[PDB]
């Protein structure tokens, strides 16, 4: 079977991909949540392809993990992105959330958003 390496920050996302690949006759060789140990364990695993989360953060981010996988084990890379289109924000609008916090979230902004959100609810009700 063609061997697949997965690098994915999301717990269920990594799992979903594994199960999907395995339902289609693939052999998933390693599933990693960080780039350094993916790049470290990949040579002694010899995969045919790497699937990499473009939005991976940490010691090695998504792009630099892929770069080192492509140069190291001579792997082709497929990047896994989010489908964050304006259409999803149109559906999000309808639930009327307090607002949106982009990753990585700052502590000050996190606290202030939580407290103005709770205060808005209290005042309006």
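Residue numbers count along the first chain shown, from 1.
- Mean CA temperature factor is higher for 82-90 when stretches 82-90 and 58-66 are set side by side in the entry.
- Averaged over their C-alpha atoms, the temperature factors of 95-103 and 42-50 are higher for 42-50.
- When the CA B factors of the chain's modelled residues are split into thirds, the value for residue 7 lands in the lowest one.
- The entry lists a Cα temperature factor for residue 31 that places it in the lowest third of the chain's modelled residues.
- The entry lists a Cα temperature factor for residue 114 that places it in the lowest third of the chain's modelled residues.
- When all modelled residues of the chain are sorted by CA temperature factor, residue 15 is found within the lowest third.
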